[PDB]
Amino acid sequence: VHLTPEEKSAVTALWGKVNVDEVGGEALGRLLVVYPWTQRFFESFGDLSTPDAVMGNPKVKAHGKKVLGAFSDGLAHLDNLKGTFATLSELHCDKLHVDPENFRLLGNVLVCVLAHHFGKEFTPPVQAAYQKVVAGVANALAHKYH
Amino acid sequence: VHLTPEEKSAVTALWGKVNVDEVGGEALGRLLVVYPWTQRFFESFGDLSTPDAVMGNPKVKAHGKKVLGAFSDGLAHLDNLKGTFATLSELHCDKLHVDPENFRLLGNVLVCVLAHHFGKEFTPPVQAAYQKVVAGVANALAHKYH
Amino acid sequence: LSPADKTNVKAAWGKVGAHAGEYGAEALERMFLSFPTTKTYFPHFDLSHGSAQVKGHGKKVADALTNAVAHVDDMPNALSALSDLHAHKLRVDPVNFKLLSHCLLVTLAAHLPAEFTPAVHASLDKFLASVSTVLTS
Amino acid sequence: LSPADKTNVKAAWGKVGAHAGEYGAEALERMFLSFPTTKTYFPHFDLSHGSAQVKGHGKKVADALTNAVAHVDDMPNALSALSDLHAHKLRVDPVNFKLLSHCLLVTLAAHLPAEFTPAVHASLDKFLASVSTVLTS
Ligand code: HEM
Ligand code: HEM
Ligand code: HEM
Ligand code: HEM
């Protein structure tokens, strides 16, 4: 949960460029397509029956914005990720029963989405900084299981 | 980890009967046999090339005793496992770079070894309490990754 | 499964024999207690201790494993109905197959001290992971 | 792998071509930097940026994947010697195949945006998971 100045610079330089209206929906949609058991938690979202159905689904886009907003909040509070995600940890663990491995999977799908959008700019060191972040978010979201 | 007094009593009643000279070597040996990538961390122990070589290896037995002693110390301080594992976490994460999934696997191998030794006495509720324990130990040993 | 793994699995499950259903039911009970999140897949079940529904379901699981050991070279076909059920209809998280597999190993360890050697433990682990791969495919 | 997965993997991986060494090396570097535990498998390598050893090894990994895509219906035979090397000789942790597979997907996403659709992403993930299953067997 501690980033060096190099890792902080990598994360912050890229994050200001992220389209917060789209990237969350892209990551959530790809999670649902690539790891189809995750659809079990989103039956209320409607048609998830094909990749095009998932990626065009308005509830997927809308929820993805909220998910990314929580990632952004975590980026603003790297030194206190457990306290930033405590309420969401209660929700996902006590109420939704999401296995915490899926937190890791969504973090890695987000990393893939960043790579897809930013290309050469998403260098191996930039990726490594983002992997520290998404691991920290996953661990904070899983805290209520511990 | 927090156990109720009922769960605490079940766990400790069984733990008093555990052969601390053998069970640790049995759990470590089974980890190396069932999950052979873990052998990479014990190359100095000599021959690990067959199950009988692993299980009879004196360094496996001696090391297993140390592992079991750490579990025993942890059982004495379940509510504050950092007080038992903070330095061991530094060793396993920062110095040895053990993937933390293997902490979980060793805990589950230990549960299997306890079942193997205690038979019908290793009831589903006793197992459930021990699963809480071994999950907490694995999470405490991974603290330096967090 | 290597030929040696298949030999060990056939031998161990042969010692399980007619106790397979009882062991399946016990593994489920251990799973529901140790990993209570798994209970969410069974909203229509009585999950209390001694539930006839958990017992009956354990014998169904055991029958499927027995068929798998009988057809260990062709498990995708032998288990074909269960893949659609677990992967498409129920959408069981792959992690939960690792949880049930561990509880099956714990159950076998508690009942088959002599048979559950380190080598047989390793073969049974690979067998249950292979079954899990079919049901999640 | 379905025929659709095989079709998806073939067109996407076909775009790699002469970039095999560069992309393989990049995926390895992504793995070593993001997941430093994986470095314990390469004490005998120089892992610093621009390492010729990482470049040469990256080409072998990528070329092996190209051979796997060419033999996607019989990958156990197409990867058999490499399965012996990774599962028996080196004993590579299965977790690390998930880590390298993720870094390969990241590399393909960064270099082949138009090809890395959600459907192709899913097919490539399944392909790499199938390769990983063979190499850990
Ligand atoms: C790993 C990073 C994740 C973050 C930051 C995150 C964040 C959030 C946020 C902010 C909400 C809205 C809570 C509210 O409005 O009260 C939410 C809800 C939810 N999340 Fe997550 N989540 C993550 C992972 C996951 C995963 C991996 C799953 C399932 C596979 C999941 C399943 C859900 C569900 C089912 C809801 C409720 C949606 C609804 O029915 O309204 N989340 N999450
Ligand atoms: C999860 C529970 C574990 C516990 C409680 C535990 C406990 C211990 C203890 C008490 C020591 C002695 C430290 C010292 O003397 O300084 C030790 C050392 C060590 N542990 Fe662990 N360990 C665990 C898991 C693992 C795993 C899963 C691996 C590898 C896969 C591993 C690899 C090692 C190694 C390589 C050493 C040093 C051995 C040597 O000096 O040659 N440990 N551990
Ligand atoms: C070794 C692994 C497993 C085997 C062999 C297995 C086998 C079976 C069998 C034979 C059935 C009954 C099929 C039928 O009656 O049509 C079934 C149903 C079911 N299984 Fe599994 N299963 C396994 C793992 C799991 C896991 C890990 C879960 C969830 C944690 C799960 C949840 C269910 C559920 C919810 C049903 C439907 C129960 C009902 O509604 O009556 N299974 N399984
Ligand atoms: C898609 C997955 C992988 C593929 C296709 C693959 C391919 C290969 C190939 C073709 C070689 C032979 C090199 C030679 O003959 O000179 C090799 C060697 C090796 N692999 Fe992998 N590999 C994969 C995953 C991994 C992973 C995940 C690790 C560990 C984190 C690993 C560690 C090694 C090591 C240590 C060697 C020996 C390299 C040397 O000494 O030259 N491999 N691999």
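We name chains A, B, ... by the order of the sequence lines, and we start the count at 1 in each one. As the structure lists them, so they are numbered: ligands from 1, and atoms in each ligand from 1.
- Atom 10 (C) of ligand 2 has as its closest protein heavy atom B:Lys66 O, 3.5 Å.
- For atom 15 (O) of ligand 1, the nearest protein heavy atom lies 4.0 Å away or farther.
- Closest to atom 33 (C) of ligand 4, if we only count protein heavy atoms, is D:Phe42 CZ, 3.6 Å.
- Separating the CG atom in A:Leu96 from the CG atom in A:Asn102 is a distance of 11.5 Å, to the nearest 0.5 Å.
- Looking at B:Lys61 and B:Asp21, no side-chain N of the basic residue comes within less than 4.0 Å of a carboxylate O on the acidic one, giving no salt bridge.
- Inspection of the A:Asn57 and A:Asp47 side chains reveals no N or O donor paired with an N or O acceptor under 3.5 Å.
- Relative to atom 2 (C) of ligand 1, the option among A:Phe71, A:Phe41, A:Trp37 with the closest non-hydrogen atom is A:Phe71.
- Here the closest non-hydrogen pair linking B:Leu31 and B:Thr38 is O-OG1, 3.3 Å.
- Ranking protein heavy atoms by distance to atom 32 (C) of ligand 2, first place goes to B:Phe42 CZ, 3.3 Å.
- With hydrogens left out, the protein atom closest to atom 27 (C) of ligand 2 is B:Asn102 O, 3.4 Å, a heavy atom.
- Around atom 21 (Fe) of ligand 1, the protein N, O or S atoms found under 2.8 Å comprise A:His92 NE2.
- A donor and an acceptor atom, one from each side chain of A:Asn139 and A:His143, are nowhere located under 3.5 Å apart.
- Atom NZ of D:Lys126 has more than 12 neighbouring heavy atoms from other residues, nucleotides or ligands inside a 6.0 Å radius.
- A donor atom on one side chain and an acceptor atom on the other are not found under 3.5 Å apart for D:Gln53 and D:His44.
- Protein heavy atoms are absent from the 4.0 Å sphere centred on atom 39 (C) of ligand 2.
- Contact annotation for atom 21 (Fe) of ligand 2: protein present (non-hydrogen atoms, distance under 4.0 Å).
- Residue D:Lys59 qualifies as open at atom NZ: its count of foreign heavy atoms under 6.0 Å is 12 or below.
- The cationic atom of A:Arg40 (NZ for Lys, CZ for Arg) lies less than 6.0 Å from the six-membered ring centre of C:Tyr41 and within 45° of the ring axis.
- Taking distance alone, with nitrogen or oxygen atoms compared against 3.5 Å, D:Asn96 stays at or beyond that limit from ligand 4.
- Within a 6.0 Å radius of NZ in B:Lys65, other residues, nucleotides and ligands contribute 12 heavy atoms or fewer.
- Remark: A:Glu43 CD is packed, more than 12 non-hydrogen atoms of other residues, nucleotides or ligands lying under 6.0 Å away.
- With 3.5 Å as the limit, one finds a donor-acceptor pair spanning the side chains of B:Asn108 and B:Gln131.
- The side-chain contact (heavy atoms from CB on, under 4.5 Å) with A:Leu106 is formed by just one residue from the set A:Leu141, A:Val67, A:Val137, A:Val111; it is A:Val67.
- For the residue pair B:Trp37 and D:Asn96, no side-chain donor N or O sits within less than 3.5 Å of a side-chain acceptor on the partner.
- For atom 35 (C) of ligand 4, the nearest protein heavy atom (residue, atom name, distance) is D:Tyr41 O, 3.2 Å.
- B:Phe45 CE1, 3.7 Å is the protein heavy atom nearest to atom 41 (O) of ligand 2.
- With atom 1 (C) of ligand 4 as the reference point, the heavy atom nearest to it among D:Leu28, D:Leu65, D:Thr40 is part of D:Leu65.
- Between B:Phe45 and B:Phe42, the two ring planes are tilted [angle within 30° to 60°].
- For atom 21 (Fe) of ligand 4, the count of nearby protein N, O or S atoms, meaning those under 2.8 Å away, is 1.
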